[PDB]
Every structure is written in C-alpha cells, then in structure tokens.
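Okay, so here's just one chain, in structure tokens, the form deposited in one PDB entry.
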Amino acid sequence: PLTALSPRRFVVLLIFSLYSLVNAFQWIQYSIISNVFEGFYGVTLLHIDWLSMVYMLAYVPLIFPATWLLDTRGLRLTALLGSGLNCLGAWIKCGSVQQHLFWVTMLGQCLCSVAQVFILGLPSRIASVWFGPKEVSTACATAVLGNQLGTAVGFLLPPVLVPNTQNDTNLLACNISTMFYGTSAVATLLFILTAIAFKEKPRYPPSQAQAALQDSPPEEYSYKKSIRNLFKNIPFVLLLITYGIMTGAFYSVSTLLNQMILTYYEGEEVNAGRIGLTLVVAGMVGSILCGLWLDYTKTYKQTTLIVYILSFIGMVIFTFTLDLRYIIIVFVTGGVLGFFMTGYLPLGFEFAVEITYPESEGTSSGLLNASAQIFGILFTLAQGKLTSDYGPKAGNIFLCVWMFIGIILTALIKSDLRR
C-alpha cells in the first residue's frame, strides 16, 4: 500500500508531549512544597501526600477501561479526554486558593489523575499511527521524555514560584494563585491545540506494518482472559513485582523528598526541588544509557539484575548519607539513585514485553503500571508514617529492604529470552 509521512505527525507528537508534561507537573507540584501547603490549608502531611497518591489510585481501576476506550474509539477521543480533564483540573485548582478549600484542590487533583490514565498509553499508539518505522522508537522516547521533563519541572519550579511565607498568608495565596493560573492557561492552550490539530490518523499510512494494521479488520480482545494468561507465567509475575517495587520506591521518594530534606536542611525547599530535578535528569540519562547497553549486549536478566543491585546500592548510600548536613552530598546521591532507578524501568518494561510476546503489549503495560501504582501507594504510606514517627532513616531503610527483596525476586526469575 502507498505509504507517506506528513509534517503534522511532529506537531501531534509535540502537542502530546506538552500536555503530558504539564500533567506530570501537576502530579508533583504539591509534594515538593508540601510543608508550605500544609501551612496554608492547616492540614496534615498525609493530606498533601494523598494529592500525589490519587494519581496512583485512579490509574489502577481505570487503565483497562481506558485501554478499551482507546482501542474502540481511537486516539483522538483519548487525547481530547486527557487534555480536557487536565485543563478542568487546573481550573478547579485555580478555584481552590483559600485556607478552607483543600477539598477543591483535591477535586482538581482527582481530575488530573483521571486525565493521567488517558495519557500514559498514548505514546506508543501515536508513534505507530503517525511515524515511520525508523522514527517510531524516537517518537515514543520523546513522548515519555515529555512526561519525565514535566516531573522534573514540577520538582524545580514550585519552590521558586511559591516561597515559604507563613507570616504573610496573602503573599502565599498570591503565589499559589499565580502558579495555578499559569498551569491552567498552559493546559487550556494545549487542549485547544489538541482539539484543533490532533487528527485521528494520517491521510496515508506511515509504514507497511501500520498500513496492514489499519487495513486489517478489528478483532475482539478478551482483556480478562489475557490478564489470566499473563498471571499464569511465573516469570512475568516476578518481573511485575520487581518493576512495581522499583517504581513505587521512586514514587515514594519523590512524594516524601521534601519531608526528608526539611528534617535536616531547614529553609532549603529550593535545594530540595533542585535535588529532585537532578534525580529526574540523571534518571533520563540513565534510561538512555541502559537502553543503548541493552541493545548492544542483547542480555535482559543479567543487565536488569545489575541495574537493580546498583539501584539498591545507591538507595543505601542516599539513606546513610542524608544526615551529614552537606547538601551537595545529597545532590550527588540523589543523582546516582535516580540514574539507576530510572534506568531500571525501561529494561524491566522491555523484558516484560518480550517475556509476554504472545500476549498483547497493552495488557502487560497496564499490569506493570498498575503494580507500580499499588507499590507506590503502599510505599508512600509506610514511608510517610516512618518519617513522621521514627525519622527519614527508618523509611529509607524500609525502601532498601524492599529493594533487596526485589533483587532476590529478579535473581529468581528464569528466562531464556535474549534481545
């Protein structure tokens, strides 16, 4: 069949990244300056942590229905839903700048959480539908890097945008309103652009494989049967548990980073955001390097196990070096830990995909993400309680123990797959 590539693809991809990026920002805007918000709303730190945990909670039940909707109705509807939900949540947050309106901010965060479900699955679908065979991998990498950059910007900007001024409540409200209004304006512009230019599919197929897929009639897929078959594979279950543990540890560290840093470094919220951004950027670099290393070696289990062990070592180093009262040490430790942790994620994801080659990639991706969300919620709750009661060291040691368990599980995995 005739195959052509149009410039619109890039626009589409760009737009997606942007309205993915903002979403990631909204995930971590509250946590990085949680203490300040704790002062503004007169709530507990658990209230602020739930603003991060709602993203994880919403994904698990709605992912599979969201995947079914994406398959049945196409990419355009999913993109529109995600962008509109993000914009509406941003506006609701804009309407929540008051000491007695924490529930409005929670509603906005819930809307953004529902939006996230419609965004995480779009990268590969867009890359296939709009990009040629050579550019699929690069398009997907850019799409995911958009969300990761959004997380980094959420780590960095809010500390600067909203200085901690409990003495002056009006100034704090003004800064919070400014941040919310900026996010809302960006989200609204991105939603308008998605509506205007986010077409369902290109005029001509981008590749022969996509041409065959579009030409081929749709086929019914049993998500429940696929999940049951996937759970039958013990190696897949072990890899799911390990990936969930790693991603949940990352989420817990991100959510509670401000609480950990403020314990020993008071008045360093900006430095905490810088540490988070360094962690995320080192994670991006480590992900790229690990992808290249896996491509060159063609080894999955060995590379994944080495990366897991290095992540555990970095976690231990960060755990037992936070109290030295040297901010630069925290910077370096967080950079190394993010490098290794984020490098693990693509390796484990690709290992899961190849282990379950007969099964659909979408179902395995949904299972991996749901395990990540569940482990993130559990780790966030446990580590927050440990930090509140016994101090950050207890929660960090808890994370290290879970990482050791994950290392054991990864070692136990049996796989002859090579690639």
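By rigid core we mean the largest C-alpha set that fits within 1.5 Å across both forms. We number the residues from 1 along the sequence you see. Shifts are known only where both forms have a C-alpha.
Below, we turn to the form deposited in another entry, even though it does not appear here.
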TODO: Have a look at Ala127, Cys290, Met341, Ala152 and give me the residue whose C-alpha moves 2 Å or more between this form and the one not shown, with the fit done on the rigid core.
DONE: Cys290
TODO: Classify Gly267 as shifted (yes) or not shifted (no) between this form and the one not shown, where shifted means its C-alpha moves by 2 Å or more with the rigid core superposed.
DONE: no
Task: Where the chain shifts between this form and the one not shown once the rigid core is fitted, runs of at least 3 with Cα moving 2 Å or more - done: 217-220, 290-292, 294-298, 414-419
